[PDB]
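Down below is the structure, laid out as structure tokens.
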Ligand SMILES: Nc1nc2c(ncn2[C@@H]2O[C@H](COP(=O)(O)CP(=O)(O)OP(=O)(O)O)[C@@H](O)[C@H]2O)c(=O)[nH]1
Ligand SMILES: Nc1nc2c(ncn2[C@@H]2O[C@H](COP(=O)(O)CP(=O)(O)OP(=O)(O)O)[C@@H](O)[C@H]2O)c(=O)[nH]1
Ligand SMILES: Nc1nc2c(ncn2[C@@H]2O[C@H](COP(=O)(O)OP(=O)(O)OP(=O)(O)O)[C@@H](O)[C@H]2O)c(=O)[nH]1
Ligand SMILES: Nc1nc2c(ncn2[C@@H]2O[C@H](COP(=O)(O)OP(=O)(O)OP(=O)(O)O)[C@@H](O)[C@H]2O)c(=O)[nH]1
Ligand SMILES: [Mg+2]
Ligand SMILES: [Mg+2]
Ligand SMILES: [Mg+2]
Ligand SMILES: [Mg+2]
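Residue numbers (the working numbering), protein chains in the order written: chain A, 3 to 439; chain B, 3 to 439; chain C, 185 to 613; chain D, 185 to 613.
See the structure below:
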């Protein structure tokens, strides 16, 4: 009862999944071999872990990659005994940062087996609540295979919600030449089939890690730990009791005002170093004030350019409803946060009793209070415009089109995807432009 | 494997062959008895020697002379045990400096026996790849009989290549009266049949021995020793390991631009006495510069008056590619040494690790580096013009024609030979003209 | 899994392949006997990429050695690792082919190509999941250029979908050791442009210049040059063998680097490179590595990148580093050297990171560059070819083997089209 | 191989042959008994050239002795090397023909020439590979001239393809001993020029002058003159008998010396010729020998070469001399004497070298000169012939024994033709 199925695709998705399942094992006290020696803990494991007669707890997770390297790393790693062997799926060769290769030619062999594994897990579940998908748009395997799997799962389980946590290409930083083609190709599929997708930018988390943790040169481990913290904060409402709980469906109903507009931005607070944590008291009001600043947003754009349409605050730790009511009143008073006129009440609050869990040897300081905000705004249209410019500038000369055409993709798909992204940007700018009574 | 058959005709040919086989025996450590008490020696003898069951090593050679005295000197000399009795072929009367006598009347008896012995040697050979022929143009035997043998071998073994090392009449020094007639009659077959002919002059080697080695009166033994060193330098690439190996076909492909232009000059360095060797450095750049001096050309022609068309540098001993590349760059930027415009790269480099061997009782100093430089150039047209002038002066009066027509030829042969040499010198001066566009 | 079949042609290719297998055996911890004596399980985890396993733990390379003259085969068999190779994979003739492209391609090579393809087919059907081929050859020679082009064409016929990579030593106007190099290179380029996915041009001049100015070697020999080329060859194939934070498959590299199908002629490079004295004083970090690779004088071909523009760049880093440093440094390089990158690609740079550095070094990097400056080598080669071919300098040797002048003109036209396309995309805006 | 048959005619020819065989027998280390007692194998290697091998090591000269009277042959039998000859080869008449050419040729000659040809044939079939013949005779006498000419004609009929060498003692106007010397020489010259391949003219005046001025002999007898001739006889045939660095047999010499077939009359010479007293005060070297041979006072034919020109020259050196020295001296001589050497032959000199010096002579050289100055002797003989033939009173002796005056006129015309040819080639330009 009250469980969700998690899917990890590509290298980014798999590594983030290792970070997330390490965090969940730490939160529920499950030692990595699966045993559980140790009253929310007596039921919270049922959300993410399934139990067997021997007392072992197995993740409800599936790991897929068309190349074997990362899956072999986790097979040899610390958590090798945690995951059931059938969950870990391997292809034979990566998509080579090619959407067509990931989707059409190579993904067809593995998609049937992946769907069979998901079907087995869903049959095991009763009272299933959702679908968490972790991938990256820039990759070939991530983009193509996630597009294929989301369309298949939308056909199979269309009456159930699906959540996405995707890594977005930065405006300047990049690690692949053909990122725009893969990203614009997969925006249509995620827009059509995803119920709520959360956007991530590596450069934003680099800046956040610099500013708030003093790390001069962080790595993917820290960013994946932060992603794990955000998703754990989202799922804590189901996993644990609270004074004001929010379910995934009611959360989506609050946050999503229109069908296509389902791309909120995520932020977390208080992110602080262990050196600076002692100095500041970290009250609810200052946590709420810090959570709204531009510099803490994890997609590199200023919300001051855009307009906020709906906000969802998820507090965990010692919190009282007065404090958050006063904090939201104070935030509504400030004019830098411009909410849309047509939405009178733009905030939904949830409170949870359990404090955030701190990983051993992590950079983030222990704190008795924490908040995670999911906010729908028009600022992401700027990042979409930047990516569209980066796409069309090279598409005008047909920069790398023959590689995609060789794998069965048609040239018209690029134009159709560009038209779809143009329509989405026009919708996003249209809804927030103005209103008259 | 990779064998070569040596042929020695006439007094000059056999007397050079004595020094050549002495040098080969010393280099491979084979006694004149034929035993080898002494891993490059395990197969390097296979090029020139054939191993019998009892460990004796037999030369792959054929010695021919219509006059029996020099062959009897070989039979009575030190190397009587080394050579096979049948390969030492002998007639009864000398050719008497008569081309017609050597070619038509006396040669017909013994040419069949010579061809049978060469057939037997070729049958014993498994990877044979060339013929080595040593003779003198001035002599009646060395002209007529070698013309007959050259055309017969061209008929029999037309695919296989042929290399001649010929002694040419000097501009002024001469030991017989009918040298122009014999040489002019030889050149037609030399041009048509042989694949590469190496011209040598007695007067040039005398001047070289006077200047470099400081021997006041040079004798045939030192001339033959120098020619032996030349051929050993040519064959060392086949016989020994090296960083850059050049076989006979590779050499001909590099050095022969056109089919009728196959008359290189040959030089050796460091040709130096034992007294001067202690003072001089004799490094790579020094020997490379010494190779291009007009003094060391071995044929009395000025390289300045001609133009170089293709050069082959066969280094032996302790040499590195860097040094020879720098030396070639220096020689190319020098302007006294002028190359044709249509040959942007006129240098073919070969290196091997076997330093030169010094014969006992010799004159050449022991040196750890040596270079053999062969070069196709247009300077030999001057020597051909000198010999044609001598031929015209003698033939205008029909000086000695009665002896030649007595032995079965016509004046049409003389006229045709003169016309052929006229055409050859016309072609040699033709290729030296700069391109029109 | 994801195997590579390695092929060697000619003296230069055989020597570079010997140095390559020496380096790979040192990396994986394999003796010349072939027994494994490493120190980590990662070496055995993907030893199958380059080696096949025998009964008693002996690992045999998946190498094919070809040369028409058996002296090079004797040298390799007598070498330090000569015992490691399979005796059946030594295919050779009886005559060194001269320096004649016609003789290497048509007459002599036709006999040996059947046996070579038989051994290649045996090795390839022995593979669990073949990824591609590798071939070492020198373009100036006859055997190397001609028979390598023939073998590449026939392998492309047999296995059209697989990757085929080449590492080609191009002729140079200052280390020319053979008269007829322009004919062989011109005839080889027409086959190379069509029948290969990736080709890596190498210059002996650039290698000697690196050895002199950077390493300060007094008397460099071919061993050091082959060691540098082997370092690059080991660097490009790290992601298949060892784990990393970002993995670059050969297909991934090809997709990133090749915008248009005929522009696959790359310029390699490697860093760090230093003298023994300078190694002490040197600071060894990602900014130093990035600056060293993007320096022109570290490039493996005698060309200035300053003349042309970089279409694409790839950097395969090895060792442990924070890839934020990689990203910010490489962005800084792109910004401060913008004029040398084409406008019609926003980010010209691909990055990969492998955890294991090479042989005691703290870190390393292999640089691949697809640039418009590569046309200069073909320009000078075409100039030499035209100067020789105006007078029909050495054509009788080739026509004796069976070639025709029509093929020479076609090869010249094809190289002209190649440099025309490169100049077109240089001038594009 | 390459054997020579030696024939002697007349008193002068018999004495010269006796000294010739004495010199050669001493050279090959053969006693008068014929037993070999040499010291080197080179003497015995080609002893077959002149000597036949009998049983028990006895060596018989291959010599024919002819004379129309027996006294000279009895003297030769009683000589120091008289026993060595074969008794069967002594063919004699009964009257010495006076000095009559007709008596020597027709009447007395016809009887004895058959037996002479029989013994010559007997030796000739015994020879394995016959090279040629040698003849010693005096043109001034009747017996020598008639028998030599008849025998030469018949041997040329028998063996047309074999070389014939004659060593003819020509008359001179100063040492004339008989009155009919012009008639005998005039009758002999026609057969000599027609039926011989080499003819070496000797003159008694020249040998007497050499003996007086050069050797300082107070009372030179015929033995010294014959020894001087025998020195050249041994010199010309040295290359056949002994090894050397440049071999020149009789056919090689003939091909080098005869441009046109009738110009085979040569001038011999020899060096070093010095007196026993002066020989201490002179260095024996190749320049000294080369200057001495070309000295006109060293010529053995009583001609002045400055009055004519050299067509060709031959030098047969003996000893261990180096040959660029020979070439330098020969080229220097040709440069200085370029007025004397004909312009239409570029190189007039034929060099030969042998390794074995003659008896007691560290070095030796034999000079052979074809020069236009030889016509002076024929001019003198023709002048004396015309002076005596203008009166028919002396011709009755020759008219007896069957001759006629048409023979005399024809012989005079032939000598005129010979000197005309020599003068024509002197005047050629
Ligand atoms: N970097 C290296 N270049 C080399 C080496 N050996 C030769 N070469 C160069 O290769 C070029 C000639 O190529 P090869 O000699 O291998 C010719 P190949 O054997 O392929 O054909 P044939 O001439 O028909 O034997 C020339 O520029 C040489 O300097 C080496 O070990 N390293
Ligand atoms: N150089 C020499 N000349 C000689 C010798 N004996 C004679 N002569 C000269 O040779 C010339 C010919 O004299 P011969 O008696 O030999 C004439 P031959 O016997 O051939 O004819 P007949 O007079 O009919 O007997 C004459 O001038 C002699 O003086 C000699 O031993 N040596
Ligand atoms: N935040 C984060 N991003 C990652 C991580 N690993 C890879 N990425 C991102 O993934 C992008 C490259 O696409 P990938 O997802 O690695 O490609 P893939 O899914 O393996 O598919 P292929 O291209 O076929 O290999 C890079 O631009 C990175 O930003 C990670 O561990 N953490
Ligand atoms: N360099 C050198 N030249 C020699 C040697 N022997 C003879 N010659 C030259 O050979 C030329 C004459 O040709 P030969 O070879 O002697 O004549 P042949 O081949 O024996 O034939 P014939 O003329 O019948 O004797 C002379 O001009 C010499 O210069 C020698 O040992 N060394
Ligand atoms: Mg991947
Ligand atoms: Mg000879
Ligand atoms: Mg080779
Ligand atoms: Mg008498």
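Even for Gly, the Cβ is constructed at its ideal location relative to N, Cα and C.
Taking the beta strand (DSSP E) that residue i belongs to, which residues open and close that run?
i                     : result
residue 132 (chain A) : 130-138
residue 203 (chain A) : 198-203
residue 500 (chain D) : 494-502
Can you confirm whether residue i, when its beta carbon is compared against all beta carbons of chain D, has any partner nearer than 8 Å?
i                     : result
residue 405 (chain B) : yes
residue 395 (chain B) : yes
residue 96 (chain B)  : yes
Quick check: the Cα distance between residue i and residue j, rounded to an integer number of angstroms?
i                     : j                     : result
residue 304 (chain C) : residue 210 (chain C) : 25 Å
residue 578 (chain C) : residue 206 (chain B) : 31 Å
residue 491 (chain D) : residue 524 (chain D) : 9 Å
residue 21 (chain B)  : residue 112 (chain B) : 25 Å
residue 384 (chain A) : residue 303 (chain A) : 7 Å
residue 271 (chain A) : residue 189 (chain C) : 53 Å
residue 453 (chain D) : residue 389 (chain D) : 14 Å
residue 250 (chain C) : residue 335 (chain C) : 11 Å
residue 588 (chain C) : residue 345 (chain B) : 21 Å
Among the options, which one has its Cα closest to the Cα of residue i?
i                     : options                    : result
residue 373 (chain C) : C:544, C:572, C:588, C:561 : C:561
residue 96 (chain A)  : C:285, C:270, C:185        : C:185
residue 341 (chain D) : D:196, D:375, D:324, D:558 : D:375
residue 380 (chain D) : D:448, D:437, D:295        : D:448
residue 35 (chain A)  : A:70, A:175, A:81          : A:81
When you compare the CB of residue i with every CB in chain C, is at least one pair closer than 8 Å?
i                     : result
residue 167 (chain A) : no
residue 276 (chain A) : no
residue 324 (chain B) : yes
residue 287 (chain B) : no
residue 427 (chain B) : no
Which residue comes first and which comes last in the alpha helix (DSSP H) that contains residue i?
i                     : result
residue 196 (chain C) : 194-212
residue 25 (chain A)  : 12-30
residue 293 (chain A) : 286-293
Give a yes or no on contact between the region 401-412 of chain B and the region 221-238 of chain B, applying the rule of three or more CB pairs nearer than 8 Å. no
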